[PDB]
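Residue numbers (my numbering), protein chains in the order written: chain A, -1 to 164; chain B, 615 to 779; chain C, 4 to 113; chain D, 291 to 536; chain E, 291 to 536; chain F, 1216 to 1381; chain G, 316 to 425; chain H, 146 to 592.
Cβ atoms here follow ideal geometry from the backbone N, Cα and C, with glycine treated the same way.
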Amino acid sequence: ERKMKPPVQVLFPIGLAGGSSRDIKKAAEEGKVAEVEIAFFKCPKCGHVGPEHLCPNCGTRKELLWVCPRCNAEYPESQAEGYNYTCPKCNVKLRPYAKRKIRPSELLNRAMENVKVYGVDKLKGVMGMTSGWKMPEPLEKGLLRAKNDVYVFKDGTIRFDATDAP
Amino acid sequence: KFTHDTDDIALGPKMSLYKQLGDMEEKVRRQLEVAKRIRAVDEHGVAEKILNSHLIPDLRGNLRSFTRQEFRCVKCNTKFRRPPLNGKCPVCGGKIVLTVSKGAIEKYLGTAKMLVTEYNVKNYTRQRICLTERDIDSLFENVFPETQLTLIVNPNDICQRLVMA
Amino acid sequence: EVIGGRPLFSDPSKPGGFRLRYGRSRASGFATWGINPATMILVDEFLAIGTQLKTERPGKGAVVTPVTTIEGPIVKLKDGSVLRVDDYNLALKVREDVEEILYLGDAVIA
Amino acid sequence: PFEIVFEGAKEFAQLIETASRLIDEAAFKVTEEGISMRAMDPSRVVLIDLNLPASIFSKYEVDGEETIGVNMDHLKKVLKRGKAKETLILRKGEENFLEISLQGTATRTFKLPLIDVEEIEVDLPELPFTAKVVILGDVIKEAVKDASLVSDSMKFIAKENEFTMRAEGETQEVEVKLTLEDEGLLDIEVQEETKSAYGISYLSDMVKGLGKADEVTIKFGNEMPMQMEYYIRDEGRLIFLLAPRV
Amino acid sequence: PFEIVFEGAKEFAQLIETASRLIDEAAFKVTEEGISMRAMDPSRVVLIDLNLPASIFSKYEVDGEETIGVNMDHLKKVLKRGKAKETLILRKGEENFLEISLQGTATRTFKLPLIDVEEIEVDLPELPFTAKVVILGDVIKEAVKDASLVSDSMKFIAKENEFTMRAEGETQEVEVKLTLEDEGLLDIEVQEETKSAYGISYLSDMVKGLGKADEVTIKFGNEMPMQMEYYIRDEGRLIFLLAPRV
Amino acid sequence: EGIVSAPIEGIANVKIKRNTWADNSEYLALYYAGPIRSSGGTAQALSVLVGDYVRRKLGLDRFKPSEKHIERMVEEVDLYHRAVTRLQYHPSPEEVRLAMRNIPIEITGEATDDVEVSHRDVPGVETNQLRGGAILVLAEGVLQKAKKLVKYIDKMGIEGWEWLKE
Amino acid sequence: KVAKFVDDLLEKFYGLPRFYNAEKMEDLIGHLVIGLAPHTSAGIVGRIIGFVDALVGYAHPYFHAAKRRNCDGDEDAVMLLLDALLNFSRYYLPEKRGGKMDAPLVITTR
Amino acid sequence: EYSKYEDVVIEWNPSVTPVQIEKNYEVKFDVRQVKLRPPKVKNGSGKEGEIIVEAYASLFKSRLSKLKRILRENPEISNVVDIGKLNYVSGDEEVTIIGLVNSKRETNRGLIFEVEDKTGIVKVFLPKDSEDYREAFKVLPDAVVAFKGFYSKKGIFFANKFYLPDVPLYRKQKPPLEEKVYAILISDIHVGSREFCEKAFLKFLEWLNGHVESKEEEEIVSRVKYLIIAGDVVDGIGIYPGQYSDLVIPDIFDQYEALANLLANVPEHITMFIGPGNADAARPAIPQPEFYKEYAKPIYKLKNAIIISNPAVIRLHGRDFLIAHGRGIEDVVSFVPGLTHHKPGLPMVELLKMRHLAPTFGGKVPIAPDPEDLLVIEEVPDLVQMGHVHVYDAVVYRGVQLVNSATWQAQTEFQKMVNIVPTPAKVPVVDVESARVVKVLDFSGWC
DNA sequence: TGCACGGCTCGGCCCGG
DNA sequence: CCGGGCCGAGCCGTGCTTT
Ligand SMILES: [Mg+2]
Ligand SMILES: [Mg+2]
Ligand SMILES: [Mg+2]
Ligand SMILES: [Zn+2]
Ligand SMILES: [Zn+2]
Ligand SMILES: [Zn+2]
């Protein structure tokens, strides 16, 4: 099989909170707070904010938030579309990500309640996302991969490497 | 179409023996036995010499990186091109570790000496190995002095024999 | 160059090495060779189905594949006898008594 | 073929484990007199000899003398499954398999393949030992454990009516002194002033495993090897040869 | 030049081990009445006070006064080398070496180099303490061990004839309640209700290694550091002050 | 045939430069990234030929290198082989000089190795480190696979490449 | 294991019926995979018809050539079609130059 | 084909008789003269991974403490303060800091340093308009410098002066001699190579024995008394891959035997001082105590040969000679733009100014893990000899003469590849009294 | 062609004082 | 019963070179 240089089961950044093995579960169980760069999405109706694609309160799709690198002003995707992805008050091109704070305990508990998979010992993530969007992966997929003993690749697929013969 | 037929398409050994040998000395010994059995290989002078031209680069290239190496902290990942003169990481409390250890230079020295003493190699390679050993034991002259005596000496070595001859 | 642990099976164009046969088997032809399993066994199983090797004449590199229709090695036993090991089971049986491999076998090349 | 049974298999396991701390491959010389062993460590720094006469064997039958060579690690791993209240039985047939049996509340049989090792004869003449000191195991073990804190070399000084051991580090100092008036020494016989030094790793490796109620005698001199003995089951004996420092 | 003799070195080593888990280097002031030490946490979060009057020691001879600066690790190792019934003697001569001599079956001696360490003399007089409770060391040790599982924060609650310590987490919750009818709460003097919180790492560090038959005294108040003190040999005592969190 | 990712990865950028040192005339340059080393000799040589044809059809002049450029490129090739990889091909310095003298485009790129060169501050070059992609292209493309390249030239009816045929 | 993970994903995260329903490796026969060389950006769809007891991937010579491979030492990848369809995304691709290699940005059907 | 100068014989010319001169000399420095105590571990069971780090740190400590004492000699330097206690100084005071140069960047305003000492790291800025800004622009790291200026509570230490250990401007002239004495310098003989030109060396050996052409040369030859060789006396074995085809004598024992046979032809009144180099059988990293005795015995057996170390200082008639090989020049050439191998005098003067023969660690020079730094020039010499660059040069700097003796190996394939031009068979002659080069011989006609 | 080798830390279990 | 000694996973770094 194909595994990254440190093995990874979900494409979710944890930083230094998880330790050497980037264990999301160990950081969550100790109540640590991690500071990393991710993409935050915001629900248009009520106003939930966090690294998720669906709002738990109402189950409606959120919108990516654009941040100003100089003044940290947040705009929804619809608003930034008119602004040509440039800050009007400032003058700098926006970015979809910023360095933020996350509490792994709430996210992991929500995921476990979502997929009804409670008995998992380890769950490895990444130190930092390498993309330009820094969009994370759902944690439910990581939980199911950990449960079924499979590993992820740089684009989200599971691959097997073998020699070829005719 | 095809020319030759086969009874079974997956008949024969399935795993290479190279993946079941642990030590380097064991690998070299098994490979030399295999070369000795086959009539048309002529191990005794070309196999061992061409093999020695694979461990010699490792030896010489690891002694030249010990004298110009960068140090690093165990907790941090900070790399210092020269060691901190207080003995500890300036930005934390951890201790400093080498990036090229002393045992990385002389991991292939025993197999190289066996290859030199057992088989027929030109005197160039034999002298290179003897001088490499002498140079390895001379760089640490005043950091690791030989303060330990011994009961029995002369284990049929080759370097001392070459020197006394 | 020879790496430690990777044997050399024949000197350049030396009689007693691999015998050249022109042809293509069921599972060879693109860039792969055809090898009898008996000579896979009688080299201490360093060769296995799919193991690469650096060749001399046609190109540089190939993958080995079993072909039982061609000849195998001729070996000299410990008591002085000579045998033609063209069979897989015979190679398994007589492996421990081998003293010298007189001939190494064939190699089908397209 | 032979049959050997021993009482208190835990003591035999401890002895084999102590032997295993320095050497890896060794062969046993079983004869009509008993069984004996001798080997040298790969670094050629320590030499261990040990014999077990028939006196300490409850039952012992043999057709003569034979050499048996087994892997030490596997032997001690098997021996460590025993208990202090079980009997150990060693048996071998014409086949090259060493059958080991432990008889307690049940009977279990272990099969260990044999191996061949070079039985080179290594021996040395009786060197001139000017000083001899007999002390308990506990005192020397404690002295070694204190010495290990500060340095890696331990120094001996033997004087008439005064035997002392020292271990000095870079800035810290450790010293142990005793006399025959004290309770830690049995007897001392020195012919002149003696000074020597030996490493801490080897000393800790060999001294470890000695009971408190053991009489250990040490023979050493000036810049010359050291010899240590302790009696086993009141009939046997063990030797340790250690090369000096500097 | 002073000579101080102590009996039962194990208790001394245990006390030094508890005192050495907060600061690495501390200074001891030897004076006729006794030895007193007041260190400071490197992060400035917990206070530790030492007081060892001359009444405990069997022999106590000293003239004038002197400060003794030593690093905790070497002294802790030397003391932990002491066995159950080893007499502990502390002696300093004209030299700059702090001699630790141990007496028993053998005379084992250690030496340490004194280190110059700055002294920060900050005396804290009596503070307004809302409540004072004395409980057995077993109860607090067990309660801290149980609360270490759920979270990293302990909440102390004291009321009229009621002592309650609680820890809360994301999902789990642990609470221990005590009252006069239990064998742990010896008595409780409280003028008014108070509540405060403290860290679990520091609490475990201070509370670890406390004997079961110890009348540990706890005094604390609303949003105010807790004071803890227990007696040693009916004459000596150790005092802990831990700053609160949030 | 649109399978290997040379057009997507190897060609980092295409820019137009002026011969300020000789005539102030314009020409075309190609920037090769790291991934071009995995494309293959045929892909690299075909990229060079396509660049030549596009420069011809855009009405642009020829790259006119100074001698210092030739010295810098020879030193770059030698040092890259000495300190990085075997290159599976050894161009003699005469071949390198001939290739530089007879290529109508500028083959350059970013730095891919942490080694400095001697001939620094060359005009038209914005780096002083090894250009692994460009030199690997020049070594294992037009030089290692000149037979297939001249076959393609003959099939393609392209003039100006007679030096390669010779 | 990959098929079990896909079935769990479909049943739990998305609320759809299972697809593979396999208990032994022989229950994957007739299902489709994707072959991908480590230096290309397009894949090719293949079908499983059997299993062998060797450490090689046997396939037609046209299958290996359509991935620009030579079959003398090369190694490629296979992944289940549905896994790649559900999981692959272009927003997880690194932003350096060598980030679009090994990615199935398009697949060939014939 | 195994000629090794077996039967080469050169006899003294009876037409000329040497004059009588008292042989007053002594070796003032040798690496196998300082007893370096090995460092002990911080605990009882230390291992290999910490003793090496401790030894390197102790070496750097010794370097800093040795080069700090030299700086505080000229009265112009005063008010030295500890770097650690810089937060307790007023903003109107003038202070000096001494430490190691970690790094040196360049900005539009000037240069920024990372000076570090025993008690912490401090940043330093030097304005572009400073009078000494030119000197500090081309200093390479790990050297010991002094900075003078005003400290700020906001970090950066603004400075207006820059100091190097340097060489004093004033010195007292030594008393003269009763008669003149001459000495000769040679380096990089490279015995056993194909590009080594033996005929030129035989002609030179003939020249030393009285085979002269002019009266003044005859007078000099009759007066010569000493001879110093500065490394690379044999081509060595296994220096680079593919050297076997480049060797005429592919045996290190035979290389040293042939070299010994060649040098035996000099008159017995000439005393050799031989030092090892980077191609001999000697220590992999500098300083090198000596040759490997079991490999270089024939050159030890020479009757008039005295084997010295690298670096070593020799005193002849009260004149100090700092004899070194010169592996440290390559770092100076690489780091400071505007210098080339063809002119090694300027890099040598820079090394003399810094008072260290190989400042930077981790570059092109291998530094051994010693507890004491022996490469610092403690005492200022009268003459300095070097080699390793195969190019002749000579300069004078504040009274001391800096000489770079040439090679005897003709240009090889590699030196052609890297565009290096050797100047073989050039030999400088030095007068003992003035410690200055007075004549340069040339035997390049044969080579 | 890149993998193969050394070293440091950090818990989970015995086993013994 | 409570405290060490020890294994077994993991995670980092490194592999000829003339002046
Ligand atoms: Mg291929
Ligand atoms: Mg030279
Ligand atoms: Mg040299
Ligand atoms: Zn919502
Ligand atoms: Zn803004
Ligand atoms: Zn650190």
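Minimum C-alpha distance to residue i - residue among the options
i                 : options                                : result
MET110 of chain A : A:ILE22, A:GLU(-1), A:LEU9             : A:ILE22
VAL577 of chain H : H:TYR147, H:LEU353, H:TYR170, H:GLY337 : H:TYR170
Reduced DSSP category for residue i - H, G, I as helix; E, B as strand; rest coil
i                  : result
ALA392 of chain G  : strand
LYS299 of chain H  : coil
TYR492 of chain D  : helix
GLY1375 of chain F : coil
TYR373 of chain G  : strand
Check: residue i C-beta below 8 Å from any heavy atom of ligand 6
i                 : result
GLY707 of chain B : yes
Any non-hydrogen atom of ligand 1 closer than 8 Å to residue i Cβ
i                 : result
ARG384 of chain G : yes
Where residue i meets chain E, residues with beta-carbon distance less than 8 Å
i                : result
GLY29 of chain A : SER441, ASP442, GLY459, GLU460
Listed by chain order, chain H residues near residue i by CB distance under 8 Å
i                 : result
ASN691 of chain B : Result: empty, since nearest Cβ-Cβ is about 17 Å, beyond 8 Å.
Residues near residue i in its chain [Cβ-Cβ closer than 7 Å; skip 5 each side]
i                 : result
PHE403 of chain G : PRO419
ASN451 of chain D : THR469, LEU470
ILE430 of chain D : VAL497, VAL506
Proximity test, residue i beta-carbon vs ligand 4 heavy atom, cut-off 8 Å
i                : result
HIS46 of chain A : yes
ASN55 of chain A : yes
Same chain, Cβ closer than 8 Å to residue i, five either side skipped, listed in chain order
i                 : result
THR84 of chain A  : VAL90, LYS91, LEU92
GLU315 of chain D : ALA329, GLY359, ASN361, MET362, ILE405, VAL407
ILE365 of chain H : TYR327, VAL574, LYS584
Cβ-heavy atom distance, residue i to ligand 2, below 8 Å
i                 : result
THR557 of chain H : no
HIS335 of chain H : yes
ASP417 of chain G : no
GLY420 of chain H : no
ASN423 of chain H : yes
Per-residue contacts from residue i into chain G (C-beta, under 9 Å)
i                : result
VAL78 of chain C : Correct list: empty, because the minimum Cβ distance to chain G is about 25 Å.
Within chain G, the residues that residue i reaches when beta carbons sit closer than 8 Å
i                : result
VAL66 of chain C : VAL371, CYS386, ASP387, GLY388
Contact list for residue i against chain G, beta-carbon separation under 7 Å
i                 : result
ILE156 of chain A : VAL317, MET394, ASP398
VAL148 of chain A : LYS316, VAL317, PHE320
Interface partners of residue i on chain F, CB under 7 Å
i                 : result
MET416 of chain G : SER1220, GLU1224, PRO1250
Chain-ordered neighbours of residue i on chain H, where CB pairs are closer than 7 Å
i                 : result
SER438 of chain D : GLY189, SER190
Close Cβ partners of residue i (< 6 Å) along its chain, the five nearest in sequence each way excluded
i                 : result
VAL466 of chain E : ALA433, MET455
Cross-chain neighbours of residue i in chain C, by beta carbon under 8 Å
i                 : result
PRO627 of chain B : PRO40, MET43, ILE44, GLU48, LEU50, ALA51, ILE52
Residue i beta carbon near ligand 5 (any heavy atom closer than 8 Å)
i                : result
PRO94 of chain A : no
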